[PDB]
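Naming follows writing order (A, B, C, D, E, F and G), and every chain is counted from residue 1.
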Amino acid sequence: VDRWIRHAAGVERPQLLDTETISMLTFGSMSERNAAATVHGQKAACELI
Amino acid sequence: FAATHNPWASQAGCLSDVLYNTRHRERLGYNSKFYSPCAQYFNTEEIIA
Amino acid sequence: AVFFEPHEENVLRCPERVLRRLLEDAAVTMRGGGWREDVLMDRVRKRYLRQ
Amino acid sequence: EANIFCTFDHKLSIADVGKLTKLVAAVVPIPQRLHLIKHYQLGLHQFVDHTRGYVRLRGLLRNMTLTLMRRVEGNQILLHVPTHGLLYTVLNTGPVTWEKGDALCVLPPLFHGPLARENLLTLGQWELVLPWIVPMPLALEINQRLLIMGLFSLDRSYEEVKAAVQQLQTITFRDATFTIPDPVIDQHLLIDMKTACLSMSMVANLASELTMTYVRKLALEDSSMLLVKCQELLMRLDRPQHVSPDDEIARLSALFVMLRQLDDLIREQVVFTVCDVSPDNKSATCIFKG
Amino acid sequence: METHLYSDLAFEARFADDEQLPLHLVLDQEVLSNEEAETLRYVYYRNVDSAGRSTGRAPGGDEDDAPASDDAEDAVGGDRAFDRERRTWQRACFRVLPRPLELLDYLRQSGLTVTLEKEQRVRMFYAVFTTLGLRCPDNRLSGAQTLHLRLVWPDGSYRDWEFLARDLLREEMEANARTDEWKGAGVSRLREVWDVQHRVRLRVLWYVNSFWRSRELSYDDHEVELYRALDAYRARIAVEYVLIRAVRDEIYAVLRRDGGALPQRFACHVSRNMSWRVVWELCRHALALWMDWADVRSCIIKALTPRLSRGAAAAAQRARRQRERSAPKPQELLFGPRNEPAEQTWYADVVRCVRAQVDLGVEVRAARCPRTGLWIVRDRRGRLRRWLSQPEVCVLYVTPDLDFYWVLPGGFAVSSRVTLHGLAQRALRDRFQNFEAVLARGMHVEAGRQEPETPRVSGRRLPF
Amino acid sequence: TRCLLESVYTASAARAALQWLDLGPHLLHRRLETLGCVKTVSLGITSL
Amino acid sequence: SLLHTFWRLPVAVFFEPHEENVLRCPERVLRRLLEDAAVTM
């Protein structure tokens, strides 16, 4: 069901990350790269229920 | 002068308090590099000081 | 001098199994009698028989 | 006579005599009214002992005489023992709120809750711990709660008394919070429990046959909030024949001397009455002795 | 004098609900030592009927059956049965006069008027005064009723004296301001009475102005009721010894289960050229000698005593809940708080076959030593007691749980459990349940702090 | 002193270093190189 | 009767009160104890 929800959400797998880079990612790391082009600027959103 | 106009997003231990107060976000594991714009509204262990 | 060290795997085998047979035969002759309740009970019952 | 002198053992640096001039018109308990004392009998640290009892401290603090602090000169500090009915200035240090026209008395220092532990005069093996100057409603409440918490804790296991104490040990008065550190069962405490039981039972004997049933008659007639609040516990407990009014007068006189003897077990003597207070509440003028 | 009259009027006050008639008692040096009498905190006493259950619990049946259940989380039945057992006993009045005296002389120094049938010169080393109220259910009274005494020192220890009411009311019922009339009438006779075990006698008083003399109860002692009251007292005593029976049959079971090749679980250097036929023979000769010297004061009884406490059962559930959890997640260790079994107090039975002197209650602090360390048994002072080197000893180890080790010399051990499922529950509590501390003079209000010195109403000083 | 100086090492990077000191299949010393001693700090947010 | 060890070779000790030594009862004392256990009953 995780594979199906990744297919339905557009975000791919967590690529079987290294067990030491989880400490990297909780220490702080930029992950999501840029897009190909931007004619507006940087994106911004959030959500509340 | 009501009690709360969003009772899913105000209590200590709701959905939004466990999603945006930075203490529980650290308890779940999260990129510190990602700016979440609701973090300034739910950081209740910092505005309490 | 000459001493072995306390490992986990080192054991003590049976003493030619006839002494363990003697433990079992000691159990079956221990089973009849020797409760230590009955000595206290006939003591107190002879006390209340004497009063 | 009145001016007594206290010398010191250590030397005086500038910060220590500065903290002494911060204690002008403070209050320090002295024993025996001696004309010359060392600094070991100064203050309260010669008698303080944690896990020894709050009640014995509350007793023997009240027996030491009181004085004020002024006119430091170097290797000596002058104490002027106050006389009765004269107007003196008092600088408090116990952070309780003061108001004008209010009476004051002295309690041993119950720790404030953050454990501030402000010795406010540093030495090696001795600190000048100060007596609290507490107004009469808060101090009377402390005495009454100490007596009640002493009376309930007899023949009780730890759990129920702990559940009642963790609420009962706290107290507020004009936005404050206090606890009681060493509330132990003492011999003075038990002899006061004995005095309370004897006097309150003597009240129980000296009641007439109408003042026992007055509240039932009001519960028959009216229904008010304090009526229902009293009648609730009263029901949890559960025409006049002869009226000789002089016998009711004598019964009420005996009941009056017994209620005075009961009330004296918590209510002390008033040892300071204020006249005016500074709005920063660090000093006020008072007209009484120590 | 001080407690007798007051508790007499108090039982007259409280006679309506529970018809308890007073028994005015005094004890001596035969009951306890002088040091034990100087610091006796308070006394507990229990009324238990001829059927043998209680006077606190339910009349018909109880939630105290279903014999043991052999559990750790409830581990007796939970703490509701502990509340029941606290509600069985009552705290009677109590007074110590720790000074040598003659009793009739002392009542002559008070206002009491003494007249016995013949002058019995009684002279003891001190005096402790105690009154007991045995509860007659109806107005009538059963002769095979029995009592209990508990003497509590502030360390937490207890001593249980038990006896029937038949010897208390044998001769008495066969012959049969208020404070001013009580002294004028006074005592009629003095009577000593042993217990059910004849290990201690104690003296009772009998006042003629008591309200016991006007109640007009009826007294009967039927033999089949005496027959069942000893049977109920049989199971009360047997709760200690058939547990020792349950240890011994466990050893004979697991040794037949293993087959005689038992492993090592304790750190000892050994020697191969030493004979082992001599060592196995001294196992059998000494194992029976432990059963010959079994007593309530033993290690396996001290292993149970922390488990029958108030906060034992919930803390035991907290122990497995801390174990049975997931490993700490990578998000947990960076931002969660710091997360917490170094050494444990074991109790030991040391038997010795060379001199037949067996030590029953021994404190042992044992811990895992490093580098595949099986077990090592130190004292309270790190002494590393070293009895299990010698050929003359055999030792039994118990845990605070029901785990059990029978260790041969050379540190070879038999690892098994303790089964108590054959034992019922209501007799398991009343022998050795850990009773709670009740607040008295000189006790701190909050639960545990730096405790002050003992009260010690003694005779070396003045009372003051 | 172990519970003392841990109570001042409360931040995320300190416990991350504590994790990386035990989350290796190797041992410590092959991942450790010495640099020397500090003589002046500048009190930034990333302090020089 | 003879034990089954793990190490092939035994070692020496230094007689501390910390290392748990085996008993020193060479040949006479164990015979004395077996005669004792024979005559105890």
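One rule holds for everything that comes next: contacts are C-beta pairs under 8 Å (C-beta built on N, C-alpha and C of every residue); 3 or more make two chains touch, one makes a residue touch a chain.
Going by UniProt, the chains are D = Capsid triplex subunit 2.
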Item to check | Chain occupying the most central position, where position means C-alpha average | outcome: E
Checklist entry - Centre to centre, by mean C-alpha position, how many angstrom separate chain E and chain F? => result 56
Checklist entry - Any idea how many Å lie between the Cα centroids of chain A and chain E? => result 67
Checklist entry - What is the distance, in whole Å, between the centres of chain B and chain F, each centre taken as the mean of its C-alpha atoms? => result 30
Checklist entry - Roughly how many whole angstrom separate the Cα centroids of chain C and chain E? => result 26
Checklist entry - What are the residues of chain F that contact at least two other chains? => result 12, 16, 19
Checklist entry - In chain E, what residues contact two or more other chains? => result 267-272, 276-277, 280-281, 330-331, 334-335, 410-411
Checklist entry - Hey, what residues on chain C touch two or more of the other chains? => result 2-8, 10-13, 15-16
Item to check | Contacting chain pairs - touch in the sense defined above | outcome: A-B, A-E, A-F, B-E, C-E, C-G, D-E, E-F, E-G
Item to check | Contacting residues of chain D [partner chain E, same complex] | outcome: 50-52, 149, 153-159, 161-162, 165, 183-187, 190
Checklist entry - Tell me, which parts of chain F touch chain E in their complex? => result 6, 12, 15-16, 19
Checklist entry - Which residues, counting only chain E, touch chain C once they are in their complex? => result 167, 196-198, 226, 230, 233-234, 237-238, 241-242, 245, 252, 255-256, 259-264, 266-273, 276-277, 280-281, 284, 288, 291, 294, 372, 374, 408, 410-412
Item to check | Complex contacts: residues of chain C adjacent to chain E | outcome: 2-8, 10-17, 19-20, 22-24, 26-27, 30, 34-37, 40-41, 44-45, 47-48, 51
Checklist outcome for this item: Contacts from chain C onto chain G in the complex sit at residues 1-13, 15-16
